[PDB]
Amino acid sequence: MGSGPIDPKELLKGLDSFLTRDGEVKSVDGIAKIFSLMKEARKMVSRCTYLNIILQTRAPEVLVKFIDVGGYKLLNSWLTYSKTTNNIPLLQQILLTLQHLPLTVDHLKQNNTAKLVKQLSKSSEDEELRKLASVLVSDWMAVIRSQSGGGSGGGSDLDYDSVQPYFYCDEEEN
């Protein structure tokens, strides 16, 4: 193959000028223009580029208002949209971006994304997606255990059933 492809990243990286030079976040104005254009989500590169910027968005107020302005529904939307094709570098970035923002038990339960990410960190055919998903669900179950009152867990010898505090799907096959 003497012919080469085309760079699709620069098309979405034109917006990176409206963020900081490291591609983190400029302002609450910055997240909103990104929000509307990444919402379209019709390019695979638009997915990975903007989600990486929201990941590098180290301003926690910008994250909680991202959830507020519609990003909450869009996290579940893009999760399902990526799970159809099951694109490994995409799935792991979506769950890592919502791992970056402070998400509540109300949220993960309502959108059912708690179940969707937990079945990944139970047994998927890939290391990197489920180990990032494992850090995410361990963060979530730390919060959930703290909302419950307490519990040991330990960390080691800790089984897939004993890491289900509000992840218990009581679907009785019995």
# chains A, B, ... in the order shown; residues from 1 in each chain; ligands from 1
$ closest_atom_pairs --of "range 75-113 of chain A" --to "range 31-39 of chain A" --cutoff "12 Å" --atoms "only C-alpha atoms" --output "CSV"
residue,atom,partner,partner_atom,distance
A:75,CA,A:39,CA,9.8
A:76,CA,A:39,CA,11.9
A:77,CA,A:39,CA,9.5
A:78,CA,A:39,CA,8.8
A:81,CA,A:39,CA,11.9
$ residues_around --residues "range 150-161 of chain A" --least-positions-apart "5" --cutoff "8 Å" --atoms "only C-alpha atoms" --output "VMD selection string"
chain A and resid 122 145 168
$ closest_residue --among "A:55, A:109, A:169, A:135" --to "residue 121 in chain A" --atoms "only C-alpha atoms"
A:135
$ residues_around --residues "residue 128 in chain A" --least-positions-apart "6" --cutoff "9 Å" --atoms "only C-alpha atoms" --output "NGL selection string"
:A and (88-89 or 92)
$ write_last_selection --atoms "N, CA, C and O atoms" --output "PDB file, in the first residue's frame"
ATOM      1  N   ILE A  88     -13.142  -1.626  22.358  1.00  0.00           N
ATOM      2  CA  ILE A  88     -12.406  -1.721  23.648  1.00  0.00           C
ATOM      3  C   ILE A  88     -11.789  -0.355  24.119  1.00  0.00           C
ATOM      4  O   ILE A  88     -12.082   0.076  25.251  1.00  0.00           O
ATOM      5  N   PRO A  89     -10.937   0.372  23.278  1.00  0.00           N
ATOM      6  CA  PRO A  89     -10.327   1.673  23.687  1.00  0.00           C
ATOM      7  C   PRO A  89     -11.378   2.781  23.950  1.00  0.00           C
ATOM      8  O   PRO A  89     -11.099   3.761  24.657  1.00  0.00           O
ATOM      9  N   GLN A  92     -13.451   1.788  27.656  1.00  0.00           N
ATOM     10  CA  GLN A  92     -12.563   2.047  28.801  1.00  0.00           C
ATOM     11  C   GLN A  92     -12.406   3.560  29.054  1.00  0.00           C
ATOM     12  O   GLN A  92     -12.234   3.970  30.193  1.00  0.00           O
TER      13      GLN A  92
END
$ residues_around --residues "residue 27 in chain A" --least-positions-apart "5" --cutoff "12 Å" --atoms "only C-alpha atoms" --output "list in words"
residues 18, 19, 20, 32, 33, 34, 54, 57, 58, 59, 60, 61, 62, 63, 65 and 66 of chain A
$ closest_residue --among "A:91, A:1, A:101, A:118" --to "residue 68 in chain A" --atoms "only C-alpha atoms"
A:101
$ select_by_dssp --residues "chain A" --states "alpha helix (DSSP H)" --output "ChimeraX atom specification"
/A:10-13,28-40,44-56,60-66,72-85,88-100,105-110,113-120,127-148
$ write_last_selection --atoms "C-alpha atoms" --output "short mmCIF file (atom, residue, chain, number, x, y, z; two decimals), in the first residue's frame"
data_model
loop_
_atom_site.label_atom_id
_atom_site.label_comp_id
_atom_site.auth_asym_id
_atom_site.auth_seq_id
_atom_site.Cartn_x
_atom_site.Cartn_y
_atom_site.Cartn_z
CA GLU A 10 -7.19 17.87 13.73
CA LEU A 11 -10.89 18.44 12.77
CA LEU A 12 -11.90 18.08 16.49
CA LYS A 13 -8.52 19.42 17.78
CA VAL A 28 -17.55 26.63 32.06
CA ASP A 29 -18.14 28.27 28.59
CA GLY A 30 -15.55 25.80 27.21
CA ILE A 31 -17.36 22.65 28.49
CA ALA A 32 -20.72 23.83 26.96
CA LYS A 33 -19.45 24.30 23.34
CA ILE A 34 -17.56 20.95 23.65
CA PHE A 35 -20.76 19.39 25.12
CA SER A 36 -22.98 20.27 22.12
CA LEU A 37 -20.40 19.13 19.47
CA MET A 38 -19.33 15.86 21.30
CA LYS A 39 -23.09 15.10 21.82
CA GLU A 40 -23.30 14.45 18.03
CA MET A 44 -15.16 7.61 16.50
CA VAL A 45 -12.32 10.19 16.77
CA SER A 46 -14.81 12.84 18.17
CA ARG A 47 -15.58 10.23 20.87
CA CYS A 48 -11.96 9.50 21.98
CA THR A 49 -10.67 13.14 21.58
CA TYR A 50 -13.38 15.02 23.56
CA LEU A 51 -13.79 12.27 26.29
CA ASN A 52 -9.97 12.56 26.83
CA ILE A 53 -10.36 16.38 27.22
CA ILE A 54 -13.23 15.85 29.80
CA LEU A 55 -10.89 13.32 31.50
CA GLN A 56 -8.12 16.02 31.65
CA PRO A 60 -14.50 19.50 39.46
CA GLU A 61 -17.29 22.18 39.12
CA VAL A 62 -17.09 21.82 35.31
CA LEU A 63 -17.70 18.02 35.77
CA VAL A 64 -20.78 18.30 38.09
CA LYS A 65 -22.43 20.88 35.74
CA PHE A 66 -21.53 18.58 32.74
CA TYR A 72 -25.49 12.37 32.69
CA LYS A 73 -27.86 10.91 30.02
CA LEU A 74 -25.10 11.19 27.37
CA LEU A 75 -22.67 9.05 29.51
CA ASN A 76 -25.26 6.19 29.44
CA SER A 77 -26.03 6.99 25.74
CA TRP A 78 -22.37 6.74 24.58
CA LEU A 79 -21.84 3.66 26.87
CA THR A 80 -24.69 1.80 25.05
CA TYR A 81 -23.64 3.27 21.62
CA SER A 82 -20.07 1.93 22.09
CA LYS A 83 -21.25 -1.43 23.60
CA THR A 84 -23.14 -2.29 20.33
CA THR A 85 -19.80 -2.41 18.42
CA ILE A 88 -12.41 -1.72 23.65
CA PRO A 89 -10.33 1.67 23.69
CA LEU A 90 -13.70 3.54 23.56
CA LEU A 91 -15.54 1.62 26.42
CA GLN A 92 -12.56 2.05 28.80
CA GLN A 93 -12.38 5.84 28.07
CA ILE A 94 -16.16 6.40 28.69
CA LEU A 95 -16.08 4.61 32.09
CA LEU A 96 -12.74 6.41 32.94
CA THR A 97 -14.30 9.85 32.11
CA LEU A 98 -17.33 9.12 34.41
CA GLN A 99 -14.74 7.76 36.95
CA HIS A 100 -13.13 11.26 36.71
CA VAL A 105 -25.47 5.98 43.84
CA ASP A 106 -28.68 7.67 42.52
CA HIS A 107 -26.99 8.13 39.10
CA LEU A 108 -25.40 4.63 38.61
CA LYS A 109 -28.68 2.95 39.75
CA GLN A 110 -31.06 5.11 37.64
CA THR A 113 -24.70 1.77 34.27
CA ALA A 114 -23.66 0.20 37.66
CA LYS A 115 -24.84 -3.18 36.25
CA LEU A 116 -23.38 -2.51 32.73
CA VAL A 117 -19.87 -1.67 34.08
CA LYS A 118 -19.97 -4.41 36.79
CA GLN A 119 -20.64 -7.26 34.27
CA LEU A 120 -17.51 -5.91 32.44
CA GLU A 127 -7.78 -7.00 30.53
CA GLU A 128 -7.58 -3.16 30.16
CA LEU A 129 -11.33 -2.34 29.92
CA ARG A 130 -12.33 -4.42 33.02
CA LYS A 131 -9.34 -3.46 35.26
CA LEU A 132 -10.16 0.28 34.69
CA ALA A 133 -13.84 -0.74 35.28
CA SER A 134 -12.67 -2.57 38.46
CA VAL A 135 -11.06 0.65 39.88
CA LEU A 136 -14.34 2.44 38.99
CA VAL A 137 -16.67 -0.12 40.70
CA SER A 138 -14.25 -0.30 43.73
CA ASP A 139 -14.51 3.52 44.00
CA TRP A 140 -18.32 3.21 43.72
CA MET A 141 -18.57 0.32 46.27
CA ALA A 142 -16.33 2.35 48.67
CA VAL A 143 -18.94 5.18 48.45
CA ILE A 144 -21.88 2.67 48.68
CA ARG A 145 -20.33 0.90 51.74
CA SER A 146 -19.87 4.36 53.34
CA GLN A 147 -23.61 5.14 52.60
CA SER A 148 -24.56 1.72 54.12
#
$ closest_residue --among "A:149, A:21, A:16, A:8" --to "residue 43 in chain A" --atoms "only C-alpha atoms"
A:8
$ decode --residues "range 99-122 of chain A" --atoms "N, CA and C atoms" --output "compact mmCIF listing (two decimals), in the first residue's frame"
# COMPACT_ATOMS: atom_id res chain seq x y z
N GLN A 99 -15.56 8.02 35.74
CA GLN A 99 -14.74 7.76 36.95
C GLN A 99 -14.06 9.07 37.41
N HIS A 100 -13.77 9.96 36.44
CA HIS A 100 -13.13 11.26 36.71
C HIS A 100 -14.11 12.21 37.42
N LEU A 101 -15.37 12.27 36.94
CA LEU A 101 -16.42 13.08 37.58
C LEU A 101 -17.02 12.35 38.80
N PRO A 102 -17.35 13.08 39.91
CA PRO A 102 -18.00 12.48 41.10
C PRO A 102 -19.47 12.07 40.79
N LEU A 103 -19.69 10.76 40.58
CA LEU A 103 -21.00 10.20 40.24
C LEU A 103 -21.63 9.58 41.51
N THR A 104 -22.95 9.73 41.68
CA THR A 104 -23.66 9.29 42.91
C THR A 104 -24.28 7.88 42.73
N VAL A 105 -24.76 7.29 43.85
CA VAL A 105 -25.47 5.98 43.84
C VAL A 105 -26.81 6.12 43.10
N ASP A 106 -27.45 7.30 43.25
CA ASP A 106 -28.68 7.67 42.52
C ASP A 106 -28.47 7.52 41.00
N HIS A 107 -27.35 8.11 40.52
CA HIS A 107 -26.99 8.13 39.10
C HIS A 107 -26.80 6.70 38.54
N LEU A 108 -25.81 5.97 39.11
CA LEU A 108 -25.40 4.63 38.61
C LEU A 108 -26.56 3.60 38.64
N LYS A 109 -27.50 3.81 39.57
CA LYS A 109 -28.68 2.95 39.75
C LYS A 109 -29.76 3.29 38.70
N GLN A 110 -29.97 4.59 38.48
CA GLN A 110 -31.06 5.11 37.64
C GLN A 110 -30.82 4.76 36.15
N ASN A 111 -29.59 5.06 35.67
CA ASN A 111 -29.17 4.75 34.29
C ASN A 111 -28.76 3.26 34.12
N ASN A 112 -28.71 2.52 35.26
CA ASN A 112 -28.36 1.07 35.31
C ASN A 112 -26.90 0.79 34.89
N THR A 113 -26.10 1.86 34.75
CA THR A 113 -24.70 1.77 34.27
C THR A 113 -23.82 1.04 35.30
N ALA A 114 -24.27 1.02 36.58
CA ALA A 114 -23.66 0.20 37.66
C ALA A 114 -23.58 -1.28 37.25
N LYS A 115 -24.71 -1.79 36.74
CA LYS A 115 -24.84 -3.18 36.25
C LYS A 115 -23.98 -3.41 34.99
N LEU A 116 -24.07 -2.45 34.05
CA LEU A 116 -23.38 -2.51 32.73
C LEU A 116 -21.85 -2.54 32.89
N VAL A 117 -21.32 -1.74 33.82
CA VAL A 117 -19.87 -1.67 34.08
C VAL A 117 -19.41 -2.84 34.97
N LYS A 118 -20.32 -3.34 35.84
CA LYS A 118 -19.97 -4.41 36.79
C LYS A 118 -19.83 -5.75 36.07
N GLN A 119 -20.71 -6.03 35.09
CA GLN A 119 -20.64 -7.26 34.27
C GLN A 119 -19.33 -7.29 33.44
N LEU A 120 -18.83 -6.08 33.07
CA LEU A 120 -17.51 -5.91 32.44
C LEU A 120 -16.40 -6.34 33.43
N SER A 121 -16.46 -5.80 34.67
CA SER A 121 -15.46 -6.06 35.73
C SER A 121 -15.73 -7.39 36.49
N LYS A 122 -16.76 -8.15 36.05
CA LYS A 122 -16.99 -9.54 36.48
C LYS A 122 -16.12 -10.46 35.61
